[PDB]
Amino acid sequence: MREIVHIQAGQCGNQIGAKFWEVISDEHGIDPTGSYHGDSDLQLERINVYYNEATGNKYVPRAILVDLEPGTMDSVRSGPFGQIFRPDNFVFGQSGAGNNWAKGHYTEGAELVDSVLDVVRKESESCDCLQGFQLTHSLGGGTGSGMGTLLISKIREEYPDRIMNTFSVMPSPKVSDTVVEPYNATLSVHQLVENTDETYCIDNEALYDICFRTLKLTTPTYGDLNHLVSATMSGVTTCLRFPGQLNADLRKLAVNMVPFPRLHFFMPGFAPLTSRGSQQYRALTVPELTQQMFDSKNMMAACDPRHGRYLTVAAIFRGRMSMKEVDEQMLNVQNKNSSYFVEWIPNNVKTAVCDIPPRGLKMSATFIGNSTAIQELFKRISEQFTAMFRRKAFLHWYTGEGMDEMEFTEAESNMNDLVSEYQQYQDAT
Amino acid sequence: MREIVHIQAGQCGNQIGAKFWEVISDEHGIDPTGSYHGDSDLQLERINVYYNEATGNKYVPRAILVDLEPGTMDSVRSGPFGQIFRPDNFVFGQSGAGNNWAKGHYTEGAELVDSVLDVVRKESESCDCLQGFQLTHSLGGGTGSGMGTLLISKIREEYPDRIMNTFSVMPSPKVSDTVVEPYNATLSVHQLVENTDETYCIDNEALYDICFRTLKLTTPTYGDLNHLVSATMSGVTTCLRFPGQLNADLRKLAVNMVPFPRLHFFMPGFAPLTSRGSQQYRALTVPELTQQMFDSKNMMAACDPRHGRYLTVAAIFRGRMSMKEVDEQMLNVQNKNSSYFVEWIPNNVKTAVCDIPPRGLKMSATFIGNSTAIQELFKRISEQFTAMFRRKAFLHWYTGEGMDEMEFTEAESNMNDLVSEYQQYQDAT
Amino acid sequence: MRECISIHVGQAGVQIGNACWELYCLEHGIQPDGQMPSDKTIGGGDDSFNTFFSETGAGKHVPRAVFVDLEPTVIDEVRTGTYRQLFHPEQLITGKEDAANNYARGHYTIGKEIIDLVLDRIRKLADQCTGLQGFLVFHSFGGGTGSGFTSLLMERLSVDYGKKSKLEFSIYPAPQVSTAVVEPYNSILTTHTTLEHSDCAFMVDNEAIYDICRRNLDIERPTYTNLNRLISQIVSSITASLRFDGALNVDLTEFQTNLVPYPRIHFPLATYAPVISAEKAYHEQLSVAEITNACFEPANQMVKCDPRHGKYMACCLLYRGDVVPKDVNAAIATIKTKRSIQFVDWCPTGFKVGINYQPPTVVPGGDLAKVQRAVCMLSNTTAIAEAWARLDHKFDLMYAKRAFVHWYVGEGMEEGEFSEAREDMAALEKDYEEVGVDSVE
Ligand SMILES: CC(=O)O[C@H]1C(=O)[C@@]2(C)[C@H]([C@H](OC(=O)c3ccccc3)[C@]3(O)C[C@H](OC(=O)[C@H](O)[C@@H](NC(=O)c4ccccc4)c4ccccc4)C(C)=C1C3(C)C)[C@]1(OC(C)=O)CO[C@@H]1C[C@@H]2O
Ligand SMILES: CC(=O)O[C@H]1C(=O)[C@@]2(C)[C@H]([C@H](OC(=O)c3ccccc3)[C@]3(O)C[C@H](OC(=O)[C@H](O)[C@@H](NC(=O)c4ccccc4)c4ccccc4)C(C)=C1C3(C)C)[C@]1(OC(C)=O)CO[C@@H]1C[C@@H]2O
Ligand SMILES: Nc1nc2c(ncn2[C@@H]2O[C@H](COP(=O)(O)OP(=O)(O)OP(=O)(O)O)[C@@H](O)[C@H]2O)c(=O)[nH]1
Ligand SMILES: Nc1nc2c(ncn2[C@@H]2O[C@H](COP(=O)(O)OP(=O)(O)O)[C@@H](O)[C@H]2O)c(=O)[nH]1
Ligand SMILES: Nc1nc2c(ncn2[C@@H]2O[C@H](COP(=O)(O)OP(=O)(O)O)[C@@H](O)[C@H]2O)c(=O)[nH]1
Ligand SMILES: [Mg+2]
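Going down the list, the protein sequences come from chains e, f and R. Take the first sequence: its position 236, counted from the start at 1, is 236 in the entry's author numbering, and no numbers get skipped. Take the second sequence: its position 213, counted from the start at 1, is 213 in the entry's author numbering, and no numbers get skipped. Take the third sequence: its position 170, counted from the start at 1, is 170 in the entry's author numbering, and no numbers get skipped.
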């Protein structure tokens, strides 16, 4: 019951999920080969949320790996965790995406999506009672953006009532490593609006900032930033897999995170984050963890909450903890900072408490915020977009691939309308 | 006195009876070899109802095994209970039946029935005072349907006043495992009308439903479903073999179960059915057993009694029980559910009470119902029949074997007339 | 036989019942494997296990209770846990997805799929009863199953049965502490069946219990497990005079006759006086006189409320243990004396006492000590309107902008239903404004 299909898409999608199924595969004591080597029978009661048991107690995930380039697949196969996936789930083309949206959504994506939805139906027809899906992908890539939004817009036609959420990486102007990532991000924000139930917006600068300031790292790679992100994605569905005192599925969050439809862009947050060495000097508690979660410097989205108001938040704690301290800390926050909350919603916070912490510490927590300050993201992109597009730069690589202008102007307007949706719900009483 | 000749016919017939003479052979403490190893002299007073005592206290049943295929016979011989039968009673041909009615009733059945009625007269000429016969067979097979109804229609010419009853398995549309089972079932319903004294209609879906819901089994085979059915067939003739407080032969049921001739199609029911583990959580009592015998989910016929009215029922209890609780429970039922009974019959229920429960528990019971809701069976077949026959599909394998069309149209009309016999006796005051 | 039915709905409703059915196991001397031990060659339905325990043959006690959830997960804590063979297997009914804090899902979409299987469990327990007393629904206002399903059930229980008492043990939403943000949506919609179909709805909330644990009891850090042992002593005393001897016994129906003035004024809060920590249990004077005064304390309330803000309408003293009545009548007369305690002017004769001989049990690993006497005071007061004013205002805020409406409409209810259940609760709060006021001539 309550299975989750994992569709990691693109290059970025595969890197995160590579590290994602290295965490989950530790949560449940899965061997690299696929056998089970746990001790506690909590690890197995709800293993089936992610893993198909196969013949002779091997555990094959329900993940589908999609790419338009053979490379990432060959890396994953040849690595520590190649053994863990089913080889019919490594679905990939040959001709690269171009870091071009048109090329992954119309030309070379449509060719492949038939051979992938046929793998979605291998997974969906085997489940007892499916709950949801998930992309892991990148707004700013070819396959992450384009092919991802082709997969999504073809699942709503098949499975129109399952919680489909994305962990999408969004561009930041301070750190650019692709010239047309405004073009590629604009045309996919357009698709995520109408098609998705929850969207966890993650940036790059926000992850260095955690590494530098909080964790006291020296030299971060993609390897390190997605290792964080995977500890968030584990937290989301903890109460789906572990027993808790308050439970919270995918659907439970969705329901009371999202005031209006369409405003389904969340800001995660993790706590605790210490350096090694500076762990014997923080006392690890619930007021300690709450103060980090309401800190700006522990947002994995490169914004400051202080430039708006949280509509709603959720607080997912993992550990042997109290309920008074939880119910109090979550109270003392929305009193002391009552101008940082939307006031037409009483009790902006939802708490959930699991019983099972991560496999090195006690008392973690995970903050998921629906803040109005996320329009700071959508405007920084729609300024770069409108500065290139007024010249019509880089246009022939897009009109060459089946698109035209009128897909742009509408997609620019769909991004600029929801800036005026966070804006309405920040102010006006 | 009051002997019963057992004619298990076909493949299905042999499987049930294999398991049937594993129960009876436990009721009377018969060794696999055929010696007696009981302790109570109740087991021997009426052993002769089923068993010929042979030379030197071995006990050979009065069963005749008929087949058109050597296989089932070789299985039974080579099994645990091969020793128990007399080897002159394993009567079988070589050429298979085809799951064809014509092939078992005219061509290859008629050839063999001479060598079988000569075995019927070995058994019938040895009995003190014969009571009855019994087929165990399958409406939907070649030998169960065809050869069975050839044996029946040739016994009424010899023994025209013995209670001949069948435990016939009837097809269900939810579970099909033969394409022309409408053809094979239609042409044998035709013979069971005019020739039989009681007919215990049993289905497949009704037996999974007992396994899944009530018994809490996992993975049923034919082995498991007929193990149930044999616990019904033991119950029928309990008071014929054991002493009781109310007695009840084959003839006693027949007489006050059957308002009109021709309406001799009964719905069995057994109680109790618990899983192991869920036995220390039911209190085992007469109101406990009564509620199982009238619940729809404990019918071995895939119907709901609520789609009609019981004409008559019989309630055959086996155990050290009271008579007030029996006489009351059977009263409180036909008061509270007075619209579920035909009202032109007072006291729709006949009780019989034996003294001897099965060899694991106290206080079993057996429900045998003459419900009007059995036309749900005859119509679901006469819809499949009339959908194939309008094309004349699969016709040359039947007209090839000595039949013709006019045997079909009449046999379809004999089934469709008795739908209008259960219909008349449901409604109309 | 004075038999009664527990129904435990949703996560909160199940997890209370663990703490209920832990207790009765100790009350009647029953092992978690349903067995009375060998030192009970005394009278069993004379100790009257037979209101909560159908005695299976061969000395085995299984409740008359049904554990219902739309989610598989909660009850699976009861399978195993330690209660894995206390319960009948067929009275632990699981769905596959919960209502997910959505009333429309618990009442229309998901709830209907298991509602007939649950009503059929009721009949299997209803037909085993001789002298059925009524039902005890446990839930929380502000779940999906606790609100949506309970609303669906209480409709069906009113139609099939009618005549019997149907008690509720709700958890009311707390004014500051809340964990769902649509918590007020699910409370307005459960208003409908709570006033109409229930015969007596109790309300508790978590903050008023946090106070008692921390202050009277010196527990640093309560969890749900700690609060529900407290809840269970209130219910254990309610239903104790059905099932033990005492002078002035009180059936389930003698509450309603003595507690409830008018049709829909049936929301009495409970208290419980001897909430005392082990150390503070010496340095006691825990007489009848002190424990009667402690009931009338605005701090010892189970609801975030202050009876100094309204008038009592009835009270109802249910005592257990080493009790001499004249001590009680002399403690009543003190209560009538004080003018800080406002009864209404149409009550005159204050309230109903009831005594029972069976002393409570100390729950092992539990939070209380060993007390000799114990008192719930079920008591109608006009101060529970204040709990409502603090929650209508949260509903009226969110529904002013039609916030979470799109989830609810797309699940099997209307926009129109919010406007009816808001009027419905506004009329209750108008009844308590008009029931507090005396008439003059
Ligand atoms: C001696 C000791 O206690 O070591 C700790 C440790 O020093 C700390 C610093 C860890 C450590 O984490 C990091 O340095 C880090 C690296 C990349 C990305 C994110 C963090 C640790 O590496 C991570 C590791 O985490 C776990 O085991 C969790 O279960 C976690 N797992 C993974 O991310 C993972 C790591 C390696 C291999 C496989 C999985 C998790 C979190 C959320 C959801 C699922 C799993 C722990 C407790 C530690 C070390 C090992 C030093 C911390 O992180 C986490 C997520 O627990 C960083 O701040 C916390 C506080 C811990 O005390
Ligand atoms: C502790 C206790 O009471 O155990 C029971 C038991 O648990 C139950 C569950 C039994 C049990 O049956 C099965 O588990 C089963 C498995 C596969 C297929 C069919 C049945 C039992 O095995 C079977 C067994 O039946 C008998 O012994 C009868 O004499 C029965 N005999 C056989 O069919 C038989 C089985 C194995 C070998 C040889 C013969 C019988 C019933 C009616 C008429 C004549 C005979 C019984 C009562 C039990 C066990 C032992 C657990 C039940 O079955 C029967 C036929 O009685 C299943 O539902 C009933 C209700 C019983 O209470
Ligand atoms: N006393 C007590 N109260 C609880 C407990 N769990 C939750 N509550 C409260 O009851 C409400 C929640 O009911 P839920 O468990 O959320 O829901 P449900 O009715 O079981 O169904 P879902 O919404 O589908 O999970 C909240 O407002 C809580 O404050 C518990 O263990 N004990
Ligand atoms: N978080 C994250 N983003 C990545 C990673 N690799 C690429 N990206 C992002 O993905 C986009 C480029 O798409 P890419 O994955 O190269 O497309 P490909 O042709 O399908 O490999 C950019 O917006 C990058 O920031 C990664 O490892 N982690
Ligand atoms: N109940 C039951 N039905 C059976 C069994 N085996 C075959 N059948 C039924 O019998 C029909 C096939 O006839 P069969 O017995 O194979 O004829 P054969 O050629 O004489 O063996 C189908 O309708 C089946 O449902 C059995 O073991 N039990
Ligand atoms: Mg729940």
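Note that beta-carbon positions come from the ideal geometry of N, C-alpha and C, so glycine has one too.
A residue is listed when its beta-carbon falls short of 7 Å from at least one non-hydrogen atom of ligand 6; in chain order these are e/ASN247, R/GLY10, R/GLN11, R/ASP69, R/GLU71, R/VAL74, R/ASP98, R/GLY143, R/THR145. In the DSSP assignment, f/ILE368 falls within the unbroken beta strand (DSSP E) covering 364–371. Only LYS394, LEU397, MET398, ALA400, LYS401, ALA403, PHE404, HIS406, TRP407 from the stretch 392–424 of chain R bring a Cβ to less than 8 Å from some Cβ of chain e. Contacts with chain f (Cβ-Cβ distance below 8 Å) from the stretch 58–71 of chain R involve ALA58, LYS60, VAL62, listed in chain order. For the stretch 161–245 of chain R, the full-length alpha helix (DSSP H) segments reaching 4 residues or more read 185–188, 191–196, 207–215, 224–238 along the chain.
Annotation: f/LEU217 has no Cβ neighbours in chain R at a cutoff of 9 Å; minimum Cβ distance is about 15 Å.
Rounded to whole angstroms, the Cβ separation of f/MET233 and f/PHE167 is 6 Å, and the two are in contact under 8 Å. Closer than 8 Å to the CB of R/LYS112 there is not a single CB belonging to chain e. Under DSSP, R/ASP69 forms a beta bridge with R/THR94. Contact annotation: in the stretch 242–256 of chain e, residues whose CB is within less than 7 Å of a CB in chain R are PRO243, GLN245, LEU246, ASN247, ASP249, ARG251, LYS252, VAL255, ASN256. Interface annotation for the stretch 33–51 of chain e against chain R: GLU45, criterion Cβ-Cβ distance under 8 Å.
At a Cβ-Cβ threshold of 8 Å, R/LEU269 and R/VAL323 do not count as neighbours.
Interface residue (Cβ-Cβ distance to chain R less than 8 Å): f/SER278 is classified as such. Close to e/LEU151, with beta-carbon spacing below 8 Å, lies no residue of chain R; the smallest spacing is near 24 Å.
Distances between the C-beta of e/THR274 and the heavy atoms of ligand 1 include at least one below 7 Å. Taking all protein chains in view, the Cβ of R/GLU113 is surrounded by fewer than 16 other Cβ atoms within 10 Å, so the residue is classified as exposed. Counting along the chain, no alpha helix (DSSP H) covers R/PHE135; the unbroken beta strand (DSSP E) around it starts and ends at 134–138. Around the CB of e/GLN280, fewer than 16 other CB atoms lie within 10 Å, so the residue is classed as exposed. Among the bridge pairs identified by DSSP, e/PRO268 is matched with e/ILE368. In the DSSP assignment, e/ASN165 forms a beta bridge with e/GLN134, e/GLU198. DSSP lists e/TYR310 as the bridge partner or partners of e/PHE341.
Secondary structure at R/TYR357: coil, using DSSP grouped into helix, strand and coil.
By the neighbour-count definition (other C-beta atoms within 10 Å, threshold 16), e/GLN424 is an exposed residue. Look at f/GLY235 here: in three-state DSSP terms it is helix. f/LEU284 reaches chain R at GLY57, counting residues in chain order whose Cβ is nearer than 7 Å. Straight-line measurement puts the Cα of e/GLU205 at about 7 Å from the Cα of e/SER172. Assigned with DSSP and collapsed to three states, f/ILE356 falls in coil, not helix or strand.
Check the Cα spacing between R/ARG339 and each of R/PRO307, R/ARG123, R/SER198: the tightest is with R/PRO307.
The shortest CA-to-CA distance from f/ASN57 to any of f/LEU44, f/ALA63, f/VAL66, f/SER126 is the one to f/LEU44.
Cβ-Cβ distances below 8 Å link e/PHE266 to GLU198, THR199, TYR200, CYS201, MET257, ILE368, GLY369, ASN370 in the same chain, with the five nearest sequence neighbours on each side left out; the list follows chain order. The beta carbons of e/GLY104 and e/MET164 sit no closer together than 8 Å.
For f/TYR106, not one C-beta of chain R is nearer than 8 Å to its own C-beta. In this structure, the straight-line span from the alpha carbon of R/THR381 to that of R/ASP205 is close to 16 Å.
Beta-bridge annotation (DSSP): f/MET299 is paired with f/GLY269.
In this structure, the beta-carbon distance from f/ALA102 to f/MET388 does not fall below 8 Å. Taking 8 Å as the cut-off, the Cβ atoms of R/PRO263 and R/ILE291 do not count as close.
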